[PDB]
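Trainee: This is the structure I have questions about; it appears just below.
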């Protein structure tokens, strides 16, 4: 009967959907750390600087 | 059926969207404190100064 064949494919459908879910989570986690670090590094880059007061010679 | 697979990926889609939301909030909060402090420090920097009145010798 059709009942047996339906159950077999059902298991396969669940496993496939889990794979595509894993890709999206892993990619978002990788891009999270890069975007956070870039923002913090740029903030330090703009604000920091050195200034010359006076120059003397002998 | 397609109904089972749709629900599994749906959960994953919601979790991924939450991650990207967290990045934007955290970055804006970090840049908030830097921009506020820079403005206040510069205002004090320009306004403050010392002046010499008179010099006497013995």
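All of the numbers you see were taken from the coordinates with simple rules; none came from a lab. FYI the Cβ positions are ideal-geometry reconstructions off the backbone, even for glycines, and counts take in every protein chain you see.
Trainee: Can you give me the number of residues within the range B:23-58 that are in a loop (DSSP other than H, G, I, E, B) and within 15 Å of the chain's Cα centre (by Cα)? Even if it seems obvious, please write down each step before you answer.
Mentor: Of the residues in the range B:23-58, the ones in a loop (DSSP other than H, G, I, E, B) are B:48-58.
Now restrict to residues that are within 15 Å of the chain's Cα centre (by Cα): none.
Of the residues in the range B:23-58, 0 are in a loop (DSSP other than H, G, I, E, B) and within 15 Å of the chain's Cα centre (by Cα).
Trainee: Next question, about the same structure. For the range A:1-18, give me the residue count where each residue is over 16 Å from residue B:1 (Cβ atoms) and either touching a residue at least 60 places away in the same chain (Cβ under 8 Å) or at the interface with chain B (Cβ under 10 Å from one of its Cβ atoms) (or both).
Mentor: Counting residues in the range A:1-18 that are over 16 Å from residue B:1 (Cβ atoms) and either touching a residue at least 60 places away in the same chain (Cβ under 8 Å) or at the interface with chain B (Cβ under 10 Å from one of its Cβ atoms) (or both) gives 1.
Trainee: Which residues, counting only those in the range B:1-22, are surrounded by 12 or more Cβ atoms within 10 Å (Cβ to Cβ) and either more than 36 Å from the chain's Cα centre (by Cα) or not in a helix (DSSP H, G or I) (or both)?
Mentor: Across the range B:1-22, the qualifying residue is only B:5.
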